[PDB]
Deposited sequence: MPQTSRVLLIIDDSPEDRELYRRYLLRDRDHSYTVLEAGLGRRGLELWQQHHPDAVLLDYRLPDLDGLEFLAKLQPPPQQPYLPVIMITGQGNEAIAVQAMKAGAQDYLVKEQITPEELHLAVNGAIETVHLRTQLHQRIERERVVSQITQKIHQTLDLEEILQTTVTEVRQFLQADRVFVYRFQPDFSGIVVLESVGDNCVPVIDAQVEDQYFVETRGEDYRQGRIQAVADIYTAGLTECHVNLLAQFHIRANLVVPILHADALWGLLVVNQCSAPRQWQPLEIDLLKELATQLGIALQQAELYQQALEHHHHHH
């Protein structure tokens, strides 16, 4: 089977073949290798087939490796380049500029062993992952921290709610995020919504659906990757599909101990396996809303 897809860009065919053979010496992974001899073709292959790692030559006919890294645009989800510059025509200065341009590692051509190549590719892939994890931790901290500041400033509840749904949708890159407030009637209306183009907006287009909030009062969440494989009742499925909802993430909002409403995230383009980081964030945000809700009524009865 294929475990890793790797893109080699080098105007030397024999050099590409050498890497190809060395990679086969790796007993941990099986590499599928894309080859390109020109920088522009390398860009096309990268953009089209999303290799897990890139071996990038410095001196190429159409453009040098440094120009290449500058043109290389990383996908929103993981914005770091798994690129290893390998050159027989380079120095520590080019190495520094390569590292600055987004390369993860830098190798001299003559000294490359199979094992060195393996570890450089492993290191590049792992380092990109590491930077990505750190990148998201920072963004998650910013979102949570921003809401805390708004509560502390005693900003109106809906501004806090509007900021919440907007910022959490941008972070998750989801198609729709909305707050679903319950009434004393136990009826619920979508109070607030942040929606892209993949979803049918429901803020206005909405007639009431009724439910048993035993789980949501207990603080339990619903994490559905695919509405068609979650074993939902078909009526429930029909309703979600009617709004093109494919993946569903529901987090309960608790004011006092009463169930106030729901913090809901939707993917409408395709199914989506919700990740621990994403769920933990929504939970924290839900808790903060519960705080803001309590502050609101204490201020009102003052």
| said: If I number the deposited sequence starting at 1, which residue ranges have no C-alpha coordinates at all? | reply: 1-2, 214-217, 309-316
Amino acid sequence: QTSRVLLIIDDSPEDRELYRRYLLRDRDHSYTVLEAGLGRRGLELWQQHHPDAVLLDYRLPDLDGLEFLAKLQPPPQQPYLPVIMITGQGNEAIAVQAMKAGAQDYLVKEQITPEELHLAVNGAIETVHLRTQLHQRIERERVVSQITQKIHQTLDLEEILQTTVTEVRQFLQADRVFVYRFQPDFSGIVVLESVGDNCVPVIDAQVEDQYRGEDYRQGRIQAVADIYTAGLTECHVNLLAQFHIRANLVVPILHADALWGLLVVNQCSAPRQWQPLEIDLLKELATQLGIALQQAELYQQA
From here on, numbers count along this sequence of modelled residues.
| note | Of 198-206 and 149-157, the stretch with the higher mean C-alpha B-factor in the deposited entry is 198-206
| remark: Taking the deposited Cα B-factors and averaging over 177-185 and over 123-131, the higher mean is found in 177-185
| Of 55, 63, 36, 262, which one's C-alpha B factor is largest in the deposited record? | 63
| Out of 141, 116, 92, 167, which shows the largest CA B-factor listed in the entry? | 92
| Where does residue 87 sit by CA temperature factor within its chain: lowest, middle or highest third? | middle
| note | Of the three thirds of Cα B-factor ranks in this chain, residue 32 occupies the lowest
| Based on the entry's values, in what third of the chain does the Cα temperature factor of residue 12 lie: lowest, middle or highest? | middle
| residue 20: which third of its chain by C-alpha temperature factor? | middle
| query | Of the three thirds of its chain by CA temperature factor, lowest, middle or highest, which one includes residue 235? | reply | highest
